[PDB]
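Comments concern the structure below.
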Amino acid sequence: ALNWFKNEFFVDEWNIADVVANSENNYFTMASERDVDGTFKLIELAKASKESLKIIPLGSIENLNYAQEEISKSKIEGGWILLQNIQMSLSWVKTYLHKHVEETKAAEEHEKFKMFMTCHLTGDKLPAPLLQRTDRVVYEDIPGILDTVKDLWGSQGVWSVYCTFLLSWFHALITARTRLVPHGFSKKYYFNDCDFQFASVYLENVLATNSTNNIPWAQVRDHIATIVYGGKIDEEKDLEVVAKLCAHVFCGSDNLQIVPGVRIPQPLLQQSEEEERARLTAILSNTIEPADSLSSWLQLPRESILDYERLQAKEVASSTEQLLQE
Amino acid sequence: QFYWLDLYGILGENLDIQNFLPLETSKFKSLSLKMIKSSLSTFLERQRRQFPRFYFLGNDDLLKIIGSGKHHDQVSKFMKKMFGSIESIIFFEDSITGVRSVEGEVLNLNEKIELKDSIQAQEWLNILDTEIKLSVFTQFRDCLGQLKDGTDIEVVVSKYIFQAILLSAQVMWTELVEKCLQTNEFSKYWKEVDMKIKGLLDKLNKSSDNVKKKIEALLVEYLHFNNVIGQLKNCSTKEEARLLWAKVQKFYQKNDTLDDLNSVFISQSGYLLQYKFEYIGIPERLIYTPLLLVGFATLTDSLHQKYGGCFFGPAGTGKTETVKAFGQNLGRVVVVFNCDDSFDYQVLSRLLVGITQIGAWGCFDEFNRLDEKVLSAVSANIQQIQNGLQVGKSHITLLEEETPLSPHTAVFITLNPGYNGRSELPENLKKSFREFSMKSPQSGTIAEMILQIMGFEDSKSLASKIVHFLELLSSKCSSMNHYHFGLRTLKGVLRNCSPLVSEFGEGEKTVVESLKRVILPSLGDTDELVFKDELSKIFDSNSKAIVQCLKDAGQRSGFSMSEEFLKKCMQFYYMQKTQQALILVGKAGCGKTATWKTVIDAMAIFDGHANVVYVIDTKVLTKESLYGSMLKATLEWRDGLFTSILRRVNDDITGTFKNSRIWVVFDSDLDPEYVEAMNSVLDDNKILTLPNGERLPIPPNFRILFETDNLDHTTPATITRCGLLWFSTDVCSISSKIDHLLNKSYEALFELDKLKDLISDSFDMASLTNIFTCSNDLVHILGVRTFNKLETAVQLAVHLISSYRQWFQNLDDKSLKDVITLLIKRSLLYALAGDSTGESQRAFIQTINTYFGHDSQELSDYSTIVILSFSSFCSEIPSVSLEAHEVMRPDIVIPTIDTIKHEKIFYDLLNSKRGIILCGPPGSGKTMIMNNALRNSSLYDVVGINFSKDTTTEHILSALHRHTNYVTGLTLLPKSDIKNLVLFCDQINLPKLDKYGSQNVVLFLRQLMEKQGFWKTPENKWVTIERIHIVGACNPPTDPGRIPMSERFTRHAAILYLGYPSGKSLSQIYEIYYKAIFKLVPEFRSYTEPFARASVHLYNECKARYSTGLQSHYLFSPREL
Amino acid sequence: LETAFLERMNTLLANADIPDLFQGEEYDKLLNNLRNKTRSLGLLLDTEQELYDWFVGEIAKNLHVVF
Ligand SMILES: Nc1ncnc2c1ncn2[C@@H]1O[C@H](COP(=O)(O)OP(=O)(O)OP(=O)(O)O)[C@@H](O)[C@H]1O
Ligand SMILES: Nc1ncnc2c1ncn2[C@@H]1O[C@H](COP(=O)(O)OP(=O)(O)OP(=O)(O)O)[C@@H](O)[C@H]1O
Ligand SMILES: Nc1ncnc2c1ncn2[C@@H]1O[C@H](COP(=O)(O)OP(=O)(O)OP(=O)(O)O)[C@@H](O)[C@H]1O
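Residue numbers (the entry's author numbering), protein chains in the order written: chain A, 3759 to 3914, 3922 to 4091; chain B, 1449 to 1479, 1515 to 2024, 2030 to 2237, 2244 to 2361, 2366 to 2466, 2470 to 2622; chain C, 2823 to 2889.
Here it is in structure tokens:
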């Protein structure tokens, strides 16, 4: 019901790459909540742009002096410079960075310079004069399951791509499950790109030494449940939930009903890597995420997710009504 | 001649260092010596670059090691710091034949290393490092050769070092289990390993010390082998067997390559790690449990991609020892650091440089204690090290210097989330680590295996009963902070079972005695009952010498040996045998100091060893004074008090500490920002890590005591490491304490003996009991318990009675009894009801007269004794005749009866050398009364301090700068040799609480009163105070902005309450003032009375009408008048 | 600007002097100056106690503070 408005009226939506690529500015401020960080988004951006991105964390005088020197160099010669956790050194954000940005409001005379800043939305206040000059981007997770798996798949021998596809589905499903704090997992947890990357590395390492197609699916399940993702888990109930999801996904069946929608057959060893990638992409793109995916795809009670979803809708609609009255 | 000889041995007799130190060489020749010695740091850094392990030596240590290259004595002494596992170097014929480990194992080298005077330390130490690697590999090779041929395990353990035998056994076990995995035949090999376990276990009982240790560790490893082999034997399918076997560590040797030292590698979960063949000695091995194996799995997975390892969870689950055991399994020793907030970017960067160049694995414990700023800053270095290792770079740049990257390093962090004083890692730093939860260890398996190793008849039953009993205690005891029955408690119990094996016979009796000794001392009455009942329910079923030593010590010191006191002494004595860190928690005045001093004195009697005790007040000192500080401006380390003491003990220049015990008592509140710095000192690491890089070992006979009265802000990180002694109630009765105090006061003094008998008879507990009982019902402003007010009573009574000794020789018995009775009644009155109001004091006088007996000398409101006969102050008030101008003087006091009473009692208390606190509303005349009492004296000078919110110890010490001299421990004396100093503390209760609820200045004053001295921090010396007294004043702790003061301070001072004068009193005083003024205009002197009445009426009505409920500053007092 | 300023002005009105301003050689110098001034005023003050008492008395006499 909420997404109805956005889908019906609005026909476009931008990402980080869209904002950076299409902007007259060259100073960018990224913000997120605790345990969420988009530094890897910036490194992927810089690699895709063939740009040299230097990352400097702030919080000490040594790094600060080095940062001042490197800011001067990156503005005279060019290059991308990232300053992490600027809120840690507000006495310098409000004194040095404040004055310098206005100076570069003035020069606008070098094309290969871009500065990036990260901060926490739950932290201290940044000065408005600096905040209202730079571009601002909020980084957060993709809300949809199919969207998340689609993005992960788009970021990326038939067994390698097949296992990567399964891992992408697994990551999307577990990340979606983390939203239901009182119903999905007992405790709130966060999962990020590093867990996905380690799972991919382990899957590739396993595939490297099992040429017979006798894939040790039990070892894959135990490692992913226990080490890659279970390491963060400090509760037996939540680890059992993770084990259930691993058993569902990495079962090794000939045709997995990974959701009530798409069924994923196993690859044929006679096919090419490009052929299997095309087949998997077609399988992914041809389906539809249902309205009640929070229940059916996560196998949760509907009445449990009802309170969650309805209360979010309540807050959104109440705010909209209050704003519209004024 | 010291400094020249030192710098000559360092700099003088050395013509090789001049190519780097030409200026200092020439400057030394001319010779300032100290400044040249401090200028050698650049060369020391150059020498550190030539041998990375030198980063664990201080500058003085490098100076010594560089200088004495002609003797090779000093280089040996640093092995414990440089390598950790190696105690010393074994020289012979000016060559190295071996090394001696910490446990006493001797490693022989394949070839003797010939030494020359011209060869520097770094050179032949590098040679020695290569030789140790080659020798350990050689013994591994030969031992594996013999074991694979078919040699028995029991005839090889006595020939080779622990590492060789362990790794040969592991490789053979891996190979044979894999061959068994080829089929379903596991029964035969299970039986074979079981027989080997039995053989080694029986051989254990007939062994030397080193062989005993080797066999114990091998038994641990073979028990793990058998458990694994049994599990594989009991798998259902082939796939289950493969799945289980893939998860354990496998030991393979590259028998098909040429590179010898890199031939052995470790496979787990499809990932391979390289075995290092570093010498680690014979450390205690950990029982293998599923949690340990999964931890190893996660660490292996992280190391595959060169990510930092990380363990998180609650305290006491075995994180750091899991890391160390992982390193041990991989043939390397992990360097452990204790993080603190004294670390910053420079310290962590330098430590990372050291770990980088050495090629060592470093574990950072309590990583959360780093402040947020450095946690943000060091993320760049963490990322750079990870990227350098992943890419394969040869150098990395840290602190503006390019340094080589040794491709063997790893970074581990151990952090306890959600504890007081800890912080949170930022996301861009956490993403560089792989976290793993260690929430609950398998205590049952650990207990069972340890008991099986110890040789107990039935390990299974005892392990079940002990663990179940601990769970029942954790479930049934009351809700109190200091109740932790986790793994550390289990280890304490099991370790205490070890010395008691021969006492009780390898059975249940040992276990129950260990349980009692470990657990009962820390329980209350309810939990003591629960413990005893539950222990009786679950389990089925001679100290005379030390008891007599305790009796002798107590009686000689003069403390009554009550049953409770003896019980606590006995519990403390048994606890301190195996615990090097004890905490004593009890109410103020309950007798902790008596307990531990008595027990140490009894131990001194029993053993004949010396006991040196240092008492440190943690809160009064700052951390940079306690643990020392690095001056970054010069990069010069300067020791703190505790660091200085530890360094001096380790040095042991005269050997004075070889037959003695060192006691360090922390006499203040536990503070997580202070005590946690000693975490690696208190636990099994037994090492103090300093920010500069030094690593000071803790001697086995170095014990630490914490004395406090609360555990409010203390985290489990400290409570679960230290043995805890809980004092539920005072250790003695009021009668015993009065007996002690009277004996001490008398002994401090024929005539005195009969006077002692008279005084002791006068202090009849039959009436004092009731007097105390009804004293307990009064209102006490800024009050203290009756038990802690007895000291003032006894001390003042003895002083007062002894003051009249000069006139007792000519008195009859009745006169002596009357004087003693009246003096004791007055002293008791002021001791018990001194802090109450006037009406309360008079009613209490009435009760005193009632209980001492109708036929005793009566005490009245204003009774006194004059030079003997009895009189009253009310008849001894002179009039005053002031001139008009004298109303402007600040030092005029119009006499009155209540003033005279206050002045007399104050001066009497001051003469008795009891600290004084005055309390009353503003303007009541506290400072005026004090000033008037000492203005006309000839014995005391007065120094005044005004306390405030942000005053510190520095202001109080600076206040005495112009009044006192430091005269060589050190002493602090008044400049004048005729008068003492009375240091009056105005508004003592204003200084604010720190973040944990403590007043450092009030604790400093407590130290001045109680210990009669303090620590001088820059020199870390003890300063004794001779002739300085401490008095002070405050408003009651109910006015805004006043901080309640802890009982541990106020118990040391008499408290006198001073209320406002009555209306008639003010009327008379100010009528006298107006009478003085009207001399200017004598024709209006008839109006002196009504003007004073008008002024007092106006004051009263303004005070009543305009209260502070309207405005905060509406305060009215006689000052206005 | 800081609470330390209060910590000074409190002392300065609770007592005539601020001991932290005249420690060590600053004390010695102070005494020397006082001696010279004493000789210049026709007064006979021999000891550091007399000189410092005169110093604080004159301070209390001459200095007024308005907040
Ligand atoms: N597998 C094991 N076998 C035997 N004892 C073990 C084992 N694992 C841990 N222990 C015991 O656990 C304790 C080690 O805990 P450790 O010092 O690592 O705690 P920690 O988690 O670092 O503590 P903290 O959070 O207080 O710093 C020692 O008593 C050690 O004997
Ligand atoms: N057995 C005893 N017989 C007589 N008096 C005793 C006995 N035990 C203790 N006392 C007295 O009780 C008081 C005990 O105080 P102690 O010096 O031991 O410090 P404490 O109770 O640890 O207090 P704090 O922590 O404030 O220093 C002292 O007055 C001591 O004289
Ligand atoms: N004979 C007298 N008896 C009592 N008070 C008197 C007498 N003569 C004068 N006073 C007045 O009594 C007051 C004494 O209080 P004083 O100024 O000494 O307060 P204080 O005890 O230092 O208070 P605070 O705790 O607020 O610092 C002064 O106003 C003094 O003028």
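All C-beta atoms in this analysis are idealised placements derived from N, C-alpha and C, irrespective of residue type, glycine included.
ask   = Rounded to a whole number of angstroms, what is the C-alpha to C-alpha distance between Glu-3898(A) and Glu-1883(B)?
value = A straight-line Cα-Cα distance of about 36 Å links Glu-3898(A) and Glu-1883(B).
ask   = So, does the CB of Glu-1884(B) fall closer than 8 Å to a CB anywhere in chain A?
value = No, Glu-1884(B) lies away from the interface with chain A (no Cβ there is under 8 Å from its Cβ).
Beta carbon proximity, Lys-2447(B) to chain F, threshold 8 Å = Annotation note: the requested chain F is absent from the structure, which comprises protein chains A, B and C.
inquiry  = If the cut-off is 9 Å on Cβ atoms, which residues from the segment 2876-2887 of chain C count as contacting chain B, listed in chain order?
reply    = Taking 9 Å as the Cβ-Cβ cut-off, the segment 2876-2887 of chain C has no residue approaching chain B.
ask   = Going along the chain, which residues of its own chain have a beta-carbon closer than 6 Å to the beta-carbon of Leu-1706(B), five neighbours each way excluded?
value = The residues are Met-1932.
request  = Tell me, please, whether the segment 3841-3857 of chain A touches the segment 3802-3810 of chain A by the rule of three or more beta-carbon pairs shorter than 8 Å.
outcome  = With the cut-off at 8 Å, the segment 3841-3857 of chain A and the segment 3802-3810 of chain A do not touch.
message = Please report whether the beta-carbon of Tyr-1735(B) lies at a distance below 8 Å from any beta-carbon of chain A.
response = Cβ-Cβ to chain A under 8 Å: no for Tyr-1735(B).
request  = Check whether the Cβ of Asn-2536(B) lies closer than 7 Å to any heavy atom of ligand 3, and answer yes or no.
outcome  = Checking every heavy atom of ligand 3 against the Cβ of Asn-2536(B), one is found closer than 7 Å.
query = Who pairs with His-3858(A) in a beta bridge, going by DSSP?
reply = In the DSSP secondary-structure assignment, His-3858(A) is not bridged to any residue.
message = So, at 7 Å on beta carbons, what are the nonlocal neighbours of residue 2711(B) in its own chain, with the 5 sequence-adjacent residues on each side left out?
response = The structure shown has nothing for residue 2711(B), since chain B only spans 1449 to 2622.
ask   = Hey, does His-2383(B) have any beta-carbon neighbour from chain C nearer than 8 Å?
value = Using a Cβ-Cβ cut-off of 8 Å, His-2383(B) does not count as an interface residue toward chain C, since no Cβ of chain C sits closer than that to its own.
ask   = Given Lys-2248(B), which residues of its chain have a CB within under 6 Å of its CB, disregarding the five upstream and five downstream residues?
value = Taken in chain order, the list of residues that qualify is empty.
request  = Could you tell me which chain C residues have their CB closer than 7 Å to the CB of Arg-2387(B), listed as they occur along the chain?
outcome  = What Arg-2387(B) touches in chain C: nothing, since even the nearest Cβ is about 13 Å away.
query = What residues of chain B sit near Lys-3812(A), judged by a beta carbon separation below 8 Å?
reply = For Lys-3812(A), there are no neighbours in chain B by C-beta distance under 8 Å, as the nearest C-beta there is about 10 Å away.
request  = With a cut-off of 8 Å on the beta carbons, I'd call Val-2465(B) and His-2530(B) a contact; round off their distance for me.
outcome  = Separation of the CB atoms of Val-2465(B) and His-2530(B) is rounded to 18 Å, and the pair is thereby denied contact status at 8 Å.
inquiry  = Let me confirm a value: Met-2831(C) is counted as buried when at least 16 other C-beta atoms fall within 10 Å, else exposed. Which label applies?
reply    = Exposed, by the Cβ-count rule.
query = At a cut of 8 Å, does the segment 2105-2121 of chain B reach the segment 2299-2309 of chain B through at least three beta carbon pairs?
reply = At 8 Å Cβ cutoff, the stretches do not touch.
message = Contact between the segment 1878-1897 of chain B and the segment 1830-1850 of chain B is defined here as three or more beta-carbon pairs at a separation below 8 Å; is this criterion met?
response = With the cut-off at 8 Å, the segment 1878-1897 of chain B and the segment 1830-1850 of chain B touch.
query = Taking C-beta to C-beta, are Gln-1646(B) and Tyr-1762(B) nearer than 8 Å?
reply = Yes, they are a contact pair.
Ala-1798(B) Cβ short of 7 Å to ligand 1 heavy atom set = It does: the Cβ of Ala-1798(B) is within 7 Å (strictly closer) of some heavy atom of ligand 1.
ask   = By the 10 Å Cβ neighbour count, where 16 or more other Cβ atoms means buried, how is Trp-3762(A) classified, buried or exposed?
value = Under this definition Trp-3762(A) is an exposed residue.
query = Which residues does DSSP pair with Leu-1881(B) in a beta bridge?
reply = DSSP lists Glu-1884(B) as partners of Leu-1881(B).
ask   = For the 8 Å Cβ check, are there 3 or more pairs between the segment 3975-3991 of chain A and the segment 1724-1737 of chain B?
value = Short answer: they touch.
inquiry  = Please list, in chain order, the chain C residues whose beta carbon lies closer than 8 Å to that of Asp-2487(B).
reply    = Within chain C, the residues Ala-2836 have their CB atoms less than 8 Å from the CB of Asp-2487(B), given in chain order.
message = Would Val-4024(A) pass as an interface residue toward chain B - the criterion being a Cβ-Cβ separation below 8 Å?
response = So, not an interface residue.
ask   = Short check: CB of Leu-1545(B) to CB of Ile-1458(B), under 8 Å?
value = Taking 8 Å as the Cβ cut-off, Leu-1545(B) and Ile-1458(B) do not qualify as a contacting pair.
inquiry  = Taking CB distances under 8 Å as the criterion, tell me whether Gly-2442(B) reaches chain C.
reply    = Chain C, which has a Cβ nearer than 8 Å to the Cβ of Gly-2442(B), makes this yes.
key: Whole-angstrom C-beta distance between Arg-2549(B) and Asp-2197(B), which should lie under 8 Å   = Sure, about 6 Å apart at Cβ, within 8 Å.
query = To which residues of the same chain is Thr-1803(B) closer than 6 Å at the C-beta, ignoring the five residues directly before and after it?
reply = The beta carbon of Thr-1803(B) is closer than 6 Å to those of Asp-1848 and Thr-1897 in its chain, skipping five residues each way along the sequence.
query = So is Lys-4079(A) buried or exposed if we call it buried at 16+ other beta carbons inside 10 Å?
reply = Flag for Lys-4079(A) reads exposed.
request  = Measure the alpha-carbon distance for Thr-1800(B) versus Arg-1971(B) and round it to whole angstroms.
outcome  = Those two C-alpha atoms are separated by around 8 Å.
inquiry  = Using a 10 Å radius around the Cβ and a threshold of 16 neighbouring Cβ atoms, would you call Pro-1470(B) buried or exposed?
reply    = Counting C-beta atoms within 10 angstroms of its own C-beta, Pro-1470(B) has fewer than 16 neighbours from the protein chains shown and is therefore classed as exposed.
key: Test item: CB-CB of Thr-3943(A) and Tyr-3927(A) under 8 Å   = In this structure, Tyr-3927(A) does not lie closer than 8 Å to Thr-3943(A) by Cβ.
ask   = Are the beta-carbon atoms belonging to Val-2073(B) and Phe-1895(B) less than 8 Å from one another?
value = No.
The segment 2081-2093 of chain B in contact with the segment 2288-2302 of chain B per 3-pair CB rule at 8 Å = The segment 2081-2093 of chain B vs the segment 2288-2302 of chain B: no contact.
query = So is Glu-1597(B) buried or exposed if we call it buried at 16+ other beta carbons inside 10 Å?
reply = The residue is exposed, with fewer than 16 neighbouring Cβ atoms inside 10 Å.
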